[PDB]
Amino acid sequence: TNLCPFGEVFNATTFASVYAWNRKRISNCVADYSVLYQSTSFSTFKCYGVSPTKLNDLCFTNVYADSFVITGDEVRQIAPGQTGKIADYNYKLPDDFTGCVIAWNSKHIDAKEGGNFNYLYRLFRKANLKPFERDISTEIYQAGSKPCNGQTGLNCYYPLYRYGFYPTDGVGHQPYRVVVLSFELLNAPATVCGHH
């Protein structure tokens, strides 16, 4: 009986870019979620389809921890039935979502003098993402009838853009680290359980 590897998720030195969001599948363990709920180091902690005080009483067949970075103003899009650049083309949550969305301000790690442009996002896509879908294509977006063979201009744009995170950014633009815990509450043997 050993504990879930949530430490690797939450305490990771760097997170992935939202467009290519990182997911860890959590199985066959026991974890204490009271640590997460009582953390008091999270700016955002909102749960859907489940109660946080009570997921210490619950057992789940699978748990998915997704982690990525977005701006503060964008955290609101990590919720069911939302629209925006992130929700439409980067990370989409289903309407019948069961899980929690946790976020905290990441300015001290992910902002640097002169700007941190390590983190990318997707700005254009031909249709919205389906829930839990990941698109890492680096295909020139073709907004005109004229075919784009590459490069840019003439109504053809490179789909990925880089965030620039500075210490002098306004709070809405500062980096935020998001972990989305999904509980795959459907069926099979449940092996991911909470102790007390």
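One rule holds for the numbers: they count along the sequence shown, beginning at 1.
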| property | result |
| --- | --- |
| Stretch with the greater mean C-alpha B-factor as recorded in the entry, comparing 65-73 against 38-46 | 38-46 |
| Stretch with the greater mean C-alpha B-factor as recorded in the entry, comparing 17-25 against 182-190 | 182-190 |
| Which of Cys59, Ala143, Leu160, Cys148 ranks first by CA B-factor in the deposited coordinates | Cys148 |
| Residue with maximal Cα B-factor (values as given in the PDB entry) among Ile109, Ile86, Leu93, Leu120 | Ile109 |
| B-factor third for the C-alpha atom of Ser137 within its chain | lowest |
| Third of the chain, ranked by Cα B-factor, where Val30 sits | highest |
